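Enquirer:
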Ligand SMILES: [Mg+2]
Ligand SMILES: [Mg+2]
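In full-length UniProt numbering, the protein residues as written are 55 to 126, 145 to 223, 334 to 597.
#1: With DSSP run on the structure shown, which of helix, strand or coil describes residue 531?
#2: Quick check: what's the CA-CA separation for residue 202 versus residue 218?
#3: Any idea if residue 86 is buried or exposed, counting beta-carbon neighbours within 10 angstroms, 16 or more meaning buried?
#4: Whole angstroms is fine: what's the gap from residue 583's alpha carbon to residue 377's?
#5: From 562, 116, 92, pick the residue whose C-alpha is nearest to that of residue 420; which is it?
#6: Run the proximity test for residue 216: is its beta-carbon closer than 6 Å to any non-hydrogen atom belonging to ligand 2?
#7: Helix, strand or coil: how does DSSP classify residue 461 here?
#8: Give the range of the alpha helix (DSSP H) segment to which residue 151 is assigned.
#9: Beta-carbon of residue 222 versus every beta-carbon of chain C: anything under 7 Å?
#10: Which word fits residue 566, buried or exposed, when buried means at least 16 other C-beta atoms lie within 10 angstroms of its C-beta?
#11: The beta strand (DSSP E) that contains residue 475, what's its start and end?
#12: For a minimum of 3 consecutive residues, which ranges assigned as the beta strand (DSSP E) are wholly contained in the segment 64-122?
#13: Please classify residue 502: does DSSP put it in a helix, a strand, or coil?
#14: Kindly examine ligand 2 and report whether one of its heavy atoms sits closer than 6 Å to the Cβ of residue 381.
#15: Can you tell me which of the three DSSP states residue 165 falls into?
#16: Can you give, in chain order, each stretch of the beta strand (DSSP E) that sits fully within the segment 335-374 and has at least 3 residues?
#17: Looking at the structure shown, is residue 578 part of a helix, part of a strand, or coil, going by DSSP?
#18: Is it true that the segment 157-170 meets the segment 92-101, where meeting means three or more beta-carbon pairs spaced less than 8 Å apart?
#19: Helix, strand or coil, according to DSSP, for residue 565 in the structure here?
#20: Identify which residue in 354, 64, 146, 383 has its Cα closest to the Cα of residue 596.
#21: Just mark residue 403 as buried or exposed, buried being the case when its beta carbon has 16 or more other beta carbons within 10 Å.
#22: With a 10 Å radius around its C-beta and 16 neighbouring C-beta atoms as the bar for buried, classify residue 435 as buried or exposed.
#23: State buried or exposed for residue 486, treating a residue as buried only when at least 16 other CB atoms are found within 10 Å of its CB.
#24: Which one of 77, 441, 64 has the shortest CA to CA distance from residue 505?
#25: Tell me whether residue 529 is buried or exposed, calling it buried when 16 or more other Cβ atoms sit within 10 Å of its Cβ.
#26: On the CB-based measure, 16 or more other CB atoms within 10 Å of its CB, does residue 93 come out buried or exposed?
#27: Buried or exposed, going by whether 16 or more other CB atoms sit within 10 Å of the CB of residue 59?
#28: Opposite residue 589 in the DSSP bridges: which residues?
#29: For residue 550, which of helix, strand or coil comes out of DSSP?
#30: May I ask which residues mark the beginning and end of the beta strand (DSSP E) holding residue 5?
#31: Just how far apart, CA to CA, sit residue 367 and residue 384?
Here it is in structure tokens:
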């Protein structure tokens, strides 16, 4: 597909002139005007890279006329987002569509209850804590159900025992696979009646609190869920968020939250500030790290930041693209970037893994959630952010479309 659809050039303009214009971007193979009609025309470039170079620039003009050059479940999403009022309404609608329905959530709680009632007989006093995607209120349709069982060879034996229990005892669950061989040992399971799948971890415990923190963030400000959902969909769109060297959903969420912490008025407070507001009985530590923070966001002061969702999204793209990733450790606790060269963040907090992208976990401070991210992924993240930022400054992002044209979020959510 080296050919591009080009329309909008003035009446009585030569195809040789279009050829001459597109000649700047590279070799032009052919230019064919619409024969019986007029208006648009098709331009085939010599190189596919030249075609990508033409599509790369959103600003085209000839003879004083601006040119439109375009290459030439999900459909429900696009249609619904096209029906919205503006960018903000689009983001909120995206949240409403992707988020779990109440039936799904209560179904999840029911399944958790089943698992608990089965496990309690084998391990008296054991507690099954749902964590991650389900309880952090960033949940999406068909997301994993991750359970933590609260009670390295003995760990493997115990893991196999849990696998056996899931296999032969609790009714309805199939696809049981024990995985001791991973950084965090886990037992994969699938419950058939509820149509759910997930992982059971022996000790993930710290992560549980992380989830809670995330939830609190969503309760602290109303823009958090739209921003995080939208940026999740976007990162998954550009191939940024993911499994391998790609960013994890948790790391991305942490990045968005950090961005919200770094705004001129803060949208979210720093984790340290939350720890200060914890209070008696809410004090909790895990592996030496302080995990404490308020139960409800009601007794916490609101955000004086008046920035709308659109401006916050554009500011996210711009700021993330503008940051220095390799030389900075992004801190959620202090809500700011701590310089790597000088300040030696690796001295205190021993075991901290630095690199292309450094993002510090709000509780365990020796943990870089972005440590897995390679140079290519980081650079491509900043590049995509620069792109999206330049797009957010256009009229296509800011305003709606009269009929049928993709506007606002829709170009950002496409592959
Ligand atoms: Mg019973
Ligand atoms: Mg999973």
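Idealized CB from N, CA, C, for every residue including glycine.
Expert: So, from the listed chains and residues:
#1: coil
#2: 6 Å
#3: exposed
#4: 39 Å
#5: 562
#6: yes
#7: coil
#8: 146-154
#9: Annotation note: the requested chain C is absent from the structure, which comprises a single protein chain.
#10: buried
#11: Run containing residue 475: none; DSSP gives neither H nor E here.
#12: 82-87, 95-99
#13: helix
#14: yes
#15: helix
#16: 355-361, 368-373
#17: helix
#18: no
#19: helix
#20: 146
#21: buried
#22: buried
#23: exposed
#24: 441
#25: exposed
#26: exposed
#27: exposed
#28: None; residue 589 has no bridge partner.
#29: strand
#30: Residue coverage of the chain in this structure runs from 55 to 597, which leaves residue 5 outside it and unanswerable.
#31: 7 Å
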